[PDB]
Each structure stands twice: as C-alpha cells, then as structure tokens.
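Q: Give me the fold of what follows.
(2 chains)
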Amino acid sequence: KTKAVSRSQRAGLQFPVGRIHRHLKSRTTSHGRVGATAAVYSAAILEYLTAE
DNA sequence: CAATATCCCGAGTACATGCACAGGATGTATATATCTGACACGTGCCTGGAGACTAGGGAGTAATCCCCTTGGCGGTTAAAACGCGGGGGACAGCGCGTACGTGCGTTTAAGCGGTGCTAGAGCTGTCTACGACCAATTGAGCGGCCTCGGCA
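A: Numbering: from 1, shown residues only, chains lettered A, B, ... in the order given. Let me share the structure:
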C-alpha cells in the first residue's frame, strides 16, 4: 500500500501501457502477452503520432 | 521450287512411385462442466416517410477548329547469322550449425481490494473560422503622338 505509479509514467510514455496490454491479450494472438512487450509497443505507436 | 525447320514414331533408358511394413502418438470415448450466449423480453431512435420551395444544375443547342487522325515522310538501327571465348558444369571432402535434449528458474495469470482516470455529461461559453464584402495589382489591348525607305 504505497500509492500507485502508472506503467505509462514508469516507461516515460504518454500512451496507455495498461490498456494496450489488455488489447494485445484477446487480439488474434497466442496465449502469453509479456508485459515488457506492451511498453515497446506503446512507444512504436506514439512515435508515429509525433512523426506524423 | 528448295531449304531449314517442326512434327512424329519407336528403342532404349534410371529411378519414382506406388506399395507393404513396423510402430507410435493422438484421435477417440465417456463423464463432467459452466457458462456462452440463445432467447426471450421490452426501449427508444432513426430510418424513413412526405411537402413546399427556391436556385443550381442539368440539358439542350450552336458554332467551330483543335486535336486527332492520316499519309507520306527520311533516317537509323534490332535482327540475322556467323564467327569465336571463356565459363557454367560435374566431382572429392570439413566442420560448422542446427538440431535436440537437459535442466535450466523468469515471468504471467489469477484472484485479491482499493481508487482515480476517463469519458460522457453542459449550453458549458464563446470566437476560430466562415462567409461577405471591399480594395490593389498586374497585364493586355487600343488610341494616339512622333523618323525613316521606297516611290513620283
């Protein structure tokens, strides 16, 4: 019980790391969506919404 | 008519294929399971219908010459065919990676309770952007003034 610190702010990102995990699991994916692979995927989505 | 070529038919030709075999891993088979979602029930919305009217557009025509279309153009190479060069083709082996097996232990999923992030709320509450209109500018064409070249 020490408050909470969202996975977005821990990563350094403005896109929602939690929401995207829960979207990847229950996509047409196989049965194991590692958590470090929702951070290298909020990033390589937010990067277009900068570069575009 | 002559000639190069494609077509056609039979001999002779390795191996490819279809098969039989051993055997192993998985498809079946039964019992159990909850829960997906089927189904049933209303909720409330928009999809649709249905009218009146302007004004924008659409259709039409008319005139016409631009552009396409055609013929005939003159100019130069891809094709034809040959000579001619080297290069794609067929064997000997090394060991390095790939696989595969072993035991490597990292992380996720789940179920837990707490809580703050977000996404529907407003007439929010305005005021960027949206017309509406004005004004400037350039460019083009038409008059008008003025030296000089070819003709009496």
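Q: going forward, measure contacts between C-alpha atoms and count neighbours the same way
A: Fine.
Q: Stretch A:12-23 and DNA strand B, any residue contact?
A: Yes - on the criterion CA under 7 Å from any atom of the strand, stretch A:12-23 is in touch with DNA strand B at residue A:16.
Q: So what touches that stretch?
A: A:7, A:8, A:33, A:35, A:38, A:39, A:42, A:43, A:46 (CA atoms under 8 Å, 6 or more residues apart in numbering).
Q: Look at that stretch and report the distance between its end residues.
A: 20 Å (CA to CA, to the nearest Å).
Q: Geometric centre of chain A: which residue is closest?
A: residue A:17 (2.6 Å; CA atoms, centre = their mean).
Q: picking up where we left off before, which pair in the contacts of stretch A:12-23 has the greatest spatial separation?
A: A:33 and A:46 (19.6 Å; CA to CA).
Q: For chain A, which residues are neighbours of DNA strand B?
A: So chain A meets DNA strand B at A:3, A:4, A:16, A:25, A:31, A:32, A:33, A:34, A:35, A:36 (CA under 7 Å from any atom of the strand).
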